[PDB]
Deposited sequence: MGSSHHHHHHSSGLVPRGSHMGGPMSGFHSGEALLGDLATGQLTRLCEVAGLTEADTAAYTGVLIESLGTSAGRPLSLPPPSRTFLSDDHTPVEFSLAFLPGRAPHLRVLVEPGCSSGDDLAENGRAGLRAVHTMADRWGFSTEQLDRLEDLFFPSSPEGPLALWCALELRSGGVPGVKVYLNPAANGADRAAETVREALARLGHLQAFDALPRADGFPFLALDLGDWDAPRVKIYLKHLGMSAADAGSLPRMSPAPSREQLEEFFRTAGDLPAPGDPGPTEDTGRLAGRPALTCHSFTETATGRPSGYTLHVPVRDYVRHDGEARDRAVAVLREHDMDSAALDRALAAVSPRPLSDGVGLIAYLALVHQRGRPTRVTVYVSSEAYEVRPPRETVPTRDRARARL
């Protein structure tokens, strides 16, 4: 009945799929409740605490599973830690920053990169659609990896490009902005905080009407990923035959920068919002397991994860599987990520057709 109790039940069942110990599970359920603030105790019969863009039903939680061949998926959870402040973006941002800085203190990492950007991303009268989200990578040992997501449009959508250009300059990535491919918008900037082999600055780009061929040409990273693999992923995720475009909710690309010498990204991820291109989650699950099997990943663990989040039949709604992503990063194996919704407030109805 309370938001924190649904969310921590779902997290608990997901930690089991990910193979985390009881100790680490208990740790991370605590962290999730702390991240929700007063909203953790909010009855689910009341409206969401904010009209957050984090999920379609405004649950301020979303999970994701990152798959590699030969092992269990890695589990991650995305939260709006200022959600208890509601829809006032300045107050929601201030509360979210306070949560991240509490995490940084607790786990002993620096926020200097974030702090350098604060005035760009947290102006006095910010514009939507978000102020601050946080994702936690739920690593064995109970000390998570921390990622923060900021709004390039905070100073107005017309200033998003300028804001991203300035952020990249402040972080020392003076060639990165001009390395990005063209796009239709800059919806997010994200930072890896804390202990990472190579922490990334991540720039997210929106592409309206992307085709399969476009999905394989948009990488800017060195070395370039396989075009054929990207095209096939896009076709499978959108159910496009071998014209065909994703002209509803747009596909996004993410370009990651981890070192400043090359001037080039070290990563590219293609994100397909599959929820807008299926009749129901049985179709989205079928597409997700097709991608997983193509890349020699553990699709039965996805099936277990879906049942961990929700007991409903997959065909009784749409939006449980929010996004599918194919992830390339320099010197790392290709990874597939599935983003799974909490559906604490609504189950969107199934569709008779997808036009």
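Quickly check which stretches of the deposited sequence aren't in the model, judged by C-alpha, and list them in order. Seq positions lacking coordinates: 1-32, 275-283, 397-405.
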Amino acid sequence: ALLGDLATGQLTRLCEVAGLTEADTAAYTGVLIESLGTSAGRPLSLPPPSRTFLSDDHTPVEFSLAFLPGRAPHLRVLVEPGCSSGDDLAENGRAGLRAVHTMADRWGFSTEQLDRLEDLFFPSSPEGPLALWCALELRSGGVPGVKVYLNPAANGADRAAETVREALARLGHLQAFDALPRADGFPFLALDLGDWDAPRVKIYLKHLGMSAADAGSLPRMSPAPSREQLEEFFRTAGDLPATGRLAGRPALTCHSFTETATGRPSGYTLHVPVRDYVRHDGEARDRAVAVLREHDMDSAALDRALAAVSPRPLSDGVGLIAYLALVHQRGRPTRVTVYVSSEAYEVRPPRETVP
From here on, numbers count along this sequence of modelled residues.
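Would 268-276 or 149-157 have the larger average of its C-alpha temperature factors, as given in the entry? Comparing 268-276 with 149-157, the higher mean C-alpha B-factor belongs to 149-157.
For the C-alpha atoms alone, is the average B factor greater in 310-318 or in 64-72, going by the entry? According to the entry, 64-72 carries the higher average C-alpha B-factor.
Quick one: which of 211, 226, 217, 253 shows the highest Cα temperature factor in the PDB entry? That would be 226.
Between 207, 245, 202, 235, where does the Cα B-factor run highest in the record? Highest C-alpha B-factor among the listed options: 245.
Residue 38, C-alpha B-factor rank within chain (lowest, middle or highest third): Its C-alpha B-factor belongs to the highest third of this chain's values.
Check where residue 109 lands among this chain's C-alpha B-factors and tell me if it's the lowest, middle or highest third. As the PDB entry reports it, the C-alpha B-factor of residue 109 lands in the highest third of its chain.
Within-chain third of residue 137 by Cα B-factor, per the entry: For residue 137, whose C-alpha B-factor we compare with every modelled residue in the chain, the answer is the lowest third.
Using only modelled residues of the chain, where does the Cα B factor of residue 162 rank: lowest third, middle third or highest third? For residue 162, the deposited C-alpha B-factor lands in the highest third.
Please place residue 78 in the lowest, middle or highest third of its chain according to the CA B-factor in the PDB entry. It falls in the bottom third of the chain.
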